């Protein structure tokens, strides 16, 4: 309804200063050609659902890197606020050490480009975007503020799109690795339908 994120088309480009391993570093979309990217926005540092999502994504970051997919969090908070939140104990509502970059969208350019800027507060909705190695947006997930996302589902979706990318088949509802796929044509698909019904 706003912005430029469109399925099947190049994801909007972005550059931003991020906190990588306690240091500041420029992070641009072009750095991730050939790799999948899970880009997830969140409203505000030093809040409540926010740390649980960032922590949950950090702990399982390697599950995504095992598949060739980097995970990136982003909010309108500055890199100094990100760093401060990282230097805050998790017991205190902080993030602690982090295995994922934390981008600063202080110009709101990313949140506006991805159409997740809650304009009346100036903060980003819980928007999650899956971008493939070719730079093409494949999935959109936006939650209202009071409900956090699921890292299980984000992994399931990344796995799904990577599978159909290589093997030319499609993933049924609920597909997890090891589940049957469907050959997307009228004749070859009868194999699947007769087996599972």
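Positions refer to the first chain, counted from 1.
- Of the other compared PDB entries of this protein that include residues on both sides, all give residue 66 atoms, none of them, and so not a third, leaving it without.
- Annotation: residue 135 does not belong to the positions left without coordinates in a third of the other compared entries; each one with flanking residues models it.
- Per the PDB record, of the two stretches 89-97 and 71-79, 89-97 carries the greater mean B-factor over its C-alpha atoms.
- In this PDB entry, the Cα temperature factor of residue 19 sits in the middle third of its chain's modelled residues.
- When the CA B factors of the chain's modelled residues are split into thirds, the value for residue 62 lands in the highest one.
- Looking at the C-alpha B-factors along this chain, the one for residue 159 belongs to the middle third.
- Ranked by C-alpha B-factor against the other modelled residues of its chain, residue 52 falls in the middle third.
- Annotation for residue 84: C-alpha temperature factor in the middle third relative to the rest of the modelled chain, per the entry.
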